[PDB]
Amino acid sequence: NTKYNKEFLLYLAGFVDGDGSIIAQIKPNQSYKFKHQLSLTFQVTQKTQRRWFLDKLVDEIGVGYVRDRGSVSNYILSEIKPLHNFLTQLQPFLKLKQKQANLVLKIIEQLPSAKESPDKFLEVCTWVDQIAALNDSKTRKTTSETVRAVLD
């Protein structure tokens, strides 16, 4: 796992606290044992005319990709291992999004265990609730309650 430079992390942390997102999702999906996917995403959003900025992020992070949705574009990192490595290093410098970052870390490390028991899986969905609670969440639909209602 690559070691990121501190100056880079410091600036990136600031910019993430401003225009980034640390996202956790429970995605209803019939092909999973517990009928839901656990989905983590690190994202940085910027007007497409400045997507060169996001393209640099890819070079500097060395992983992830940029997707253009129209007037706006996103840097995206969803790969679990690279995500853990990156957040572990960024986390210390976050001020607005530190708890979310850490909750993500906690979730990733427990995934293996969440696969085993419906209970441990339900607990983990709770951590996702905390992430969403900390964020400026407005259009969320699938929660730990949703999972509890399905595991029956």
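A residue's number is simply how far along the shown sequence it sits, counting from 1.
Between 108 to 116 and 123 to 131, the higher mean Cα B-factor belongs to 108 to 116. Between 62 to 70 and 37 to 45, it is 62 to 70 that carries the larger average Cα temperature factor according to the deposited entry. Per the PDB record, 144 has a higher Cα B-factor than any other of 144, 139, 25, 21. Ranked within its chain, residue 29 lands in the middle third, by CA B factor from the PDB record.
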